[PDB]
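*Asks:* Take a look at the following structure, please.
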Amino acid sequence: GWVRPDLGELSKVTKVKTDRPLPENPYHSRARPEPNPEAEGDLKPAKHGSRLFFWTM
Amino acid sequence: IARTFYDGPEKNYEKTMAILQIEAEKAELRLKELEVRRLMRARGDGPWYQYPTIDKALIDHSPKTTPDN
Ligand SMILES: CCCCCCCCCCCCCCCCC[C@@H](O)O[C@H](CO[C@H](O)CCCCCCCCCCCCCCC)COP(=O)(O)OCC[N+](C)(C)C
């Protein structure tokens, strides 16, 4: 009582119901380093301008 | 002559006091900026001297046609 699969059936993406737990870290990755914190606060004008040699702004 | 052409000495006194304060703050800021630049170029954890890396959004997290990878 076997029915041969039709065209386009054996190439289907099928669901699988299993009991094996999903691996937490299959790549065995390390701990990612902490990034640079942030840019915080509002922008205030530069103190005493450019402060480049004799220029006052 | 003093009444018509010149002013009191307190005016020049306070003016040069303000000028001295401004220049002292500028000198301190310049030294602090040099130190900050040195430290952040040595360590690289600051906003400046950040060199680009490879974006992680380019990686493809899909089946790769082989089980291992
Ligand atoms: C009394 C008689 C016997 C004694 C004579 C004494 C001779 C003294 C006269 C000679 C003057 C010397 C020239 C020095 C000019 C100084 C310029 C400057 O310093 O003055 C400014 C202002 O200038 C003055 O108003 C004088 C300007 C007049 C320029 C003199 C030129 C006169 C020469 C004559 C030329 C004749 C031309 C003929 C055409 C045919 C001041 O700036 P200001 O920040 O505002 O004021 C600060 C003081 N406050 C705040 C208290 C007011």
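To be explicit about the labels: the chains of the structure tokens are called A, B, and onward in the order shown, and within each one the residues are counted from 1, while ligands get numbers from 1 in the order they are shown.
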With a cut-off of 12 Å, could you pull out the residues of chain A touching stretch 6-28 of chain B and give me the nearest pair of atoms for each, distance in Å to one decimal, using only C-alpha atoms, ordered by chain and ascending number, as CSV?

*Replies:*
```
residue,atom,partner,partner_atom,distance
A:46,CA,B:26,CA,11.1
A:47,CA,B:26,CA,8.2
A:48,CA,B:26,CA,7.0
A:49,CA,B:26,CA,9.4
A:50,CA,B:26,CA,9.7
A:51,CA,B:26,CA,6.4
A:52,CA,B:26,CA,9.3
A:53,CA,B:26,CA,9.9
A:54,CA,B:23,CA,10.2
A:55,CA,B:26,CA,11.2
A:56,CA,B:22,CA,10.1
A:57,CA,B:26,CA,11.7
```

*Asks:* Produce as a list in words the set of residues near ligand 1, where near means within 8 Å with only C-alpha atoms and all ligand atoms considered.

*Replies:* residues 1, 2, 3, 4, 5, 6 and 7 of chain B

*Asks:* Write the residues of the preceding selection, restricted to N, CA and C atoms, as a short mmCIF file (atom, residue, chain, number, x, y, z; two decimals), in the first residue's frame.

*Replies:*
```
data_model
loop_
_atom_site.label_atom_id
_atom_site.label_comp_id
_atom_site.auth_asym_id
_atom_site.auth_seq_id
_atom_site.Cartn_x
_atom_site.Cartn_y
_atom_site.Cartn_z
N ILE B 1 43.64 116.60 30.31
CA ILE B 1 44.08 115.52 29.42
C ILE B 1 43.57 114.18 29.93
N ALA B 2 43.71 113.94 31.24
CA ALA B 2 43.24 112.69 31.82
C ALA B 2 41.72 112.55 31.70
N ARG B 3 40.98 113.64 31.90
CA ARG B 3 39.53 113.57 31.80
C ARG B 3 39.07 113.34 30.36
N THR B 4 39.76 113.92 29.38
CA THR B 4 39.29 113.87 28.00
C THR B 4 39.76 112.62 27.26
N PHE B 5 41.01 112.22 27.43
CA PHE B 5 41.59 111.19 26.57
C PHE B 5 41.68 109.82 27.22
N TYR B 6 41.78 109.73 28.54
CA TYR B 6 42.05 108.47 29.21
C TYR B 6 40.96 108.15 30.22
N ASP B 7 41.08 106.97 30.83
CA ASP B 7 40.15 106.47 31.84
C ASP B 7 40.92 106.16 33.12
#
```

*Asks:* Find the distance between atom CA of residue B:41 and atom CA of residue A:30 and write it in Å to one decimal.

*Replies:*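 That distance, rounded to one decimal, is 26.4 Å.
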
*Asks:* What does the distance from atom CA of residue A:13 to atom CA of residue B:69 come to in Å, to one decimal?

*Replies:* 19.0 Å

*Asks:* One decimal, Å: what's the distance from atom CA of residue B:45 over to atom CA of residue A:39, could you say?

*Replies:* 12.4 Å

*Asks:* List every residue of chain B that DSSP, applied to the backbone of this structure, places in alpha helix (DSSP H), and write the result as an MDAnalysis selection string.

*Replies:* chainID B and resid 2:5 9:43

*Asks:* Go ahead and write the residues just picked, N, CA and C atoms, as a compact mmCIF listing (two decimals), in the first residue's frame.

*Replies:*
```txt
# COMPACT_ATOMS: atom_id res chain seq x y z
N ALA B 2 43.71 113.94 31.24
CA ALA B 2 43.24 112.69 31.82
C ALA B 2 41.72 112.55 31.70
N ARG B 3 40.98 113.64 31.90
CA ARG B 3 39.53 113.57 31.80
C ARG B 3 39.07 113.34 30.36
N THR B 4 39.76 113.92 29.38
CA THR B 4 39.29 113.87 28.00
C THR B 4 39.76 112.62 27.26
N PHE B 5 41.01 112.22 27.43
CA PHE B 5 41.59 111.19 26.57
C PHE B 5 41.68 109.82 27.22
N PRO B 9 42.50 103.77 36.27
CA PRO B 9 43.33 102.55 36.27
C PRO B 9 42.56 101.28 36.57
N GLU B 10 41.44 101.37 37.30
CA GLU B 10 40.66 100.18 37.61
C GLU B 10 40.13 99.51 36.35
N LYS B 11 39.82 100.30 35.33
CA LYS B 11 39.33 99.75 34.07
C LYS B 11 40.37 98.82 33.45
N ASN B 12 41.60 99.31 33.30
CA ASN B 12 42.67 98.47 32.75
C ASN B 12 42.96 97.29 33.66
N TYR B 13 42.93 97.51 34.98
CA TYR B 13 43.17 96.44 35.94
C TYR B 13 42.20 95.28 35.73
N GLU B 14 40.91 95.58 35.71
CA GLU B 14 39.92 94.52 35.57
C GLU B 14 39.93 93.92 34.17
N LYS B 15 40.23 94.73 33.15
CA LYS B 15 40.33 94.20 31.79
C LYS B 15 41.45 93.18 31.68
N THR B 16 42.63 93.50 32.22
CA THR B 16 43.73 92.54 32.13
C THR B 16 43.50 91.34 33.03
N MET B 17 42.76 91.51 34.13
CA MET B 17 42.37 90.34 34.92
C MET B 17 41.50 89.39 34.11
N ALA B 18 40.51 89.93 33.40
CA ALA B 18 39.66 89.09 32.57
C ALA B 18 40.46 88.42 31.46
N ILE B 19 41.37 89.17 30.84
CA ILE B 19 42.20 88.61 29.77
C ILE B 19 43.06 87.47 30.31
N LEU B 20 43.67 87.66 31.48
CA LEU B 20 44.49 86.62 32.09
C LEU B 20 43.66 85.38 32.38
N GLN B 21 42.45 85.56 32.91
CA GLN B 21 41.59 84.41 33.17
C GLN B 21 41.29 83.65 31.89
N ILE B 22 40.93 84.37 30.82
CA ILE B 22 40.59 83.72 29.56
C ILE B 22 41.78 82.92 29.03
N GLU B 23 42.97 83.52 29.05
CA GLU B 23 44.15 82.84 28.52
C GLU B 23 44.52 81.63 29.38
N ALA B 24 44.36 81.73 30.70
CA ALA B 24 44.65 80.58 31.56
C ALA B 24 43.71 79.42 31.27
N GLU B 25 42.41 79.70 31.12
CA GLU B 25 41.48 78.63 30.77
C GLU B 25 41.83 78.02 29.42
N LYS B 26 42.21 78.85 28.44
CA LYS B 26 42.57 78.32 27.13
C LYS B 26 43.79 77.41 27.22
N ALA B 27 44.80 77.80 28.00
CA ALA B 27 45.99 76.97 28.14
C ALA B 27 45.66 75.64 28.80
N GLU B 28 44.86 75.67 29.87
CA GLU B 28 44.47 74.43 30.53
C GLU B 28 43.69 73.53 29.59
N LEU B 29 42.78 74.11 28.80
CA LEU B 29 42.01 73.32 27.85
C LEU B 29 42.90 72.70 26.78
N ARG B 30 43.90 73.44 26.31
CA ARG B 30 44.81 72.89 25.31
C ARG B 30 45.59 71.70 25.86
N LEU B 31 46.11 71.83 27.08
CA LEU B 31 46.84 70.71 27.68
C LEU B 31 45.94 69.51 27.89
N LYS B 32 44.71 69.74 28.37
CA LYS B 32 43.77 68.65 28.58
C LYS B 32 43.42 67.97 27.27
N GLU B 33 43.26 68.75 26.20
CA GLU B 33 42.96 68.17 24.89
C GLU B 33 44.10 67.30 24.40
N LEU B 34 45.34 67.76 24.59
CA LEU B 34 46.49 66.94 24.19
C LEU B 34 46.50 65.62 24.95
N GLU B 35 46.27 65.68 26.26
CA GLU B 35 46.27 64.45 27.06
C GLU B 35 45.15 63.51 26.63
N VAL B 36 43.96 64.05 26.38
CA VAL B 36 42.82 63.23 25.97
C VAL B 36 43.10 62.57 24.62
N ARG B 37 43.67 63.33 23.68
CA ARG B 37 44.00 62.76 22.38
C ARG B 37 45.00 61.63 22.52
N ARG B 38 46.04 61.83 23.33
CA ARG B 38 47.03 60.77 23.54
C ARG B 38 46.39 59.52 24.11
N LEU B 39 45.58 59.68 25.16
CA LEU B 39 44.97 58.52 25.81
C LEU B 39 44.02 57.79 24.87
N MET B 40 43.21 58.53 24.11
CA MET B 40 42.21 57.87 23.27
C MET B 40 42.82 57.29 22.01
N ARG B 41 43.98 57.79 21.58
CA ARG B 41 44.69 57.11 20.50
C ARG B 41 45.38 55.85 21.00
N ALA B 42 45.89 55.88 22.24
CA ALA B 42 46.54 54.69 22.79
C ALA B 42 45.53 53.58 23.05
N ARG B 43 44.38 53.92 23.62
CA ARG B 43 43.42 52.89 24.01
C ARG B 43 42.42 52.59 22.90
```
